[PDB]
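Below, chains carry the letters A, B, ... as their sequence lines are ordered, and counting in each starts from 1.
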Amino acid sequence: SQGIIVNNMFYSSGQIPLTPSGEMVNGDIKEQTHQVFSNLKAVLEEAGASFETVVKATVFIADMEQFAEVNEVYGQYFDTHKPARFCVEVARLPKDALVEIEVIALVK
Amino acid sequence: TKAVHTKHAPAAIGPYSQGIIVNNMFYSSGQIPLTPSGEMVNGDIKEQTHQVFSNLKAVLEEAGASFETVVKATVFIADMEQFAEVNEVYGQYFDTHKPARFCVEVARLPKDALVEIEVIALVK
Amino acid sequence: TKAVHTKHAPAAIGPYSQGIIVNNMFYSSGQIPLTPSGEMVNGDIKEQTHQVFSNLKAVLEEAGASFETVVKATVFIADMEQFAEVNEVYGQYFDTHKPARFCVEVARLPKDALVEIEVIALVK
Amino acid sequence: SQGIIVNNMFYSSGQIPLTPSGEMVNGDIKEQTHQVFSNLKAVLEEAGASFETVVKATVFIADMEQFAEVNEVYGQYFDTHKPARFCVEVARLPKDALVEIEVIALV
């Protein structure tokens, strides 16, 4: 269970920077944010949504000072569509994760 | 409601998986109706809500906070029609003190669970 | 609760002042108990709430949406105890369909308004 | 008018780029964002809060692509202390206004 659909809206659970084989990626927050997005692509597809249909993203971050770096990667995946809303929250995250992202997306 | 399962993404983390204090504020992890023996209270939703609140009391106490200092609660619920029952228990913990904000959200919860609550509270 | 005012800043807005549609979602303005004549409604909280819901139907239909496509509601209320009375009127309009998410917030409303609701809804 | 205090928390109403006399500020979105921050400063002081006790900011913006310049000004007032949470929301704002901000803060 990587999320839930409720009248035409997909609410994802949080994706953390693990490979599908289940271990943490090596690299900085920007690389972790790549893995997270890569994980989100997969769950969006499975739900019948996509990045274009994301209406809200919640970024949980270990350190608010690394927001600019996460945001550089956010703007790569959301370059031709900008979710109408996003939030950034300081959170304690599973060992070594500097970022976790959940989304809310329309089911096409 | 319908669940989304894929093998091309790792398992997800419930975002409020660990409590944290930032700037005198305790943001709890989501409390599910687990007992100290680590089994679910598999009873009706009012029983499960009591257990959630018991777990909330502990994490608050541990964080130097209390129900009195809770400013926001978020209730994750399996079925929105069950809100009325959960809220009857909520009102026993938040009786003369009522958090200034609350939210209720349909979620897919860990196996069994009908209710999960997280809170945000001032540290004393 | 205590209201804050300073001459050293201008009057605030209350951010849900006007509606908008973005990426097939309708984000409604906050709806108060004004009548179509412009009168603030002469009643208790339940009367006011009904007027809110009539103003909501109007903005939802006008946006190509309906109560049944509302995915989130936010209820602004002067006292959290009055929520049950608002919620009786809420449950009438969200009878068969229930929004997956809703929040309730203490807030200072325009004079005489004891309730204000905004919604977010899917424009199919 | 400008916010409420409940249980030691100040919940500001949204501040737009008006001067205290009530005229809209003229200039780019950065200049607008400065005016909003001056207004928030004054409302926070009155509430018995400060930028340092801010726990959440909500930024209502006319368009997402201008968040870059809003954020540069946000970073000036929240430099030594960053709120634990912030949200950015596309909104229809009172005319001329490209940005509007509310905050939640400990008293």
Flag yes if more than 12 heavy atoms outside D:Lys41 fall under 6.0 Å of its NZ atom; otherwise flag no.
no
Atom group of C:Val22 that falls short of 4.5 Å from chain D, counting heavy atoms:
side chain
Compare every heavy atom of D:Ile4 with every heavy atom of C:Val106, then report the nearest pair and how far apart it is.
O-CD1, 3.5 Å
Is C:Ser17 in contact with chain D via its backbone, its side chain, both, or neither, using a 4.5 Å heavy-atom distance?
neither
Looking at C:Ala9, is its backbone amide N or carbonyl O close enough to the side chain of D:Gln2 to form a donor-acceptor pair, meaning the two atoms are under 3.5 Å apart?
yes
Applying a strict 4.5 Å limit to non-hydrogen atoms, the region of D:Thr19 in contact with chain C is backbone
Would a distance-only check, ignoring hydrogens and angles, find a side-chain to backbone donor-acceptor pair under 3.5 Å from C:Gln18 to D:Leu93?
no
Heavy-atom count check: over 12 atoms from other residues, nucleotides or ligands less than 6.0 Å from C:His8 NE2?
no
Mark yes when over 12 heavy atoms from residues, nucleotides or ligands other than C:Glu62 sit less than 6.0 Å from its CD; otherwise mark no.
no
Counting only heavy atoms closer than 4.5 Å, note whether D:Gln35 contacts chain C via side chain, backbone, both or neither.
neither
Tell me whether C:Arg108 at atom CZ has more than 12 heavy atoms from other residues, nucleotides or ligands lying less than 6.0 Å away.
no
C:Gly19, C:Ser29, C:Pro15: which one forms the most heavy-atom pairs within less than 4.5 Å of chain D?
C:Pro15
Under 3.5 Å donor-acceptor, D:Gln15 side chain and C:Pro10 backbone
yes
Relative to chain C, which segment of D:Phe60 carries a heavy atom at a distance below 4.5 Å: side chain, backbone, both, or neither?
side chain
Heavy-atom pair count under 4.5 Å with chain C, highest-scoring of D:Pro94, D:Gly48, D:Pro20, D:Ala91:
D:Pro20
Measure C:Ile13 against the heavy atoms of chain D and call it side chain, backbone, both or neither at under 4.5 Å.
both
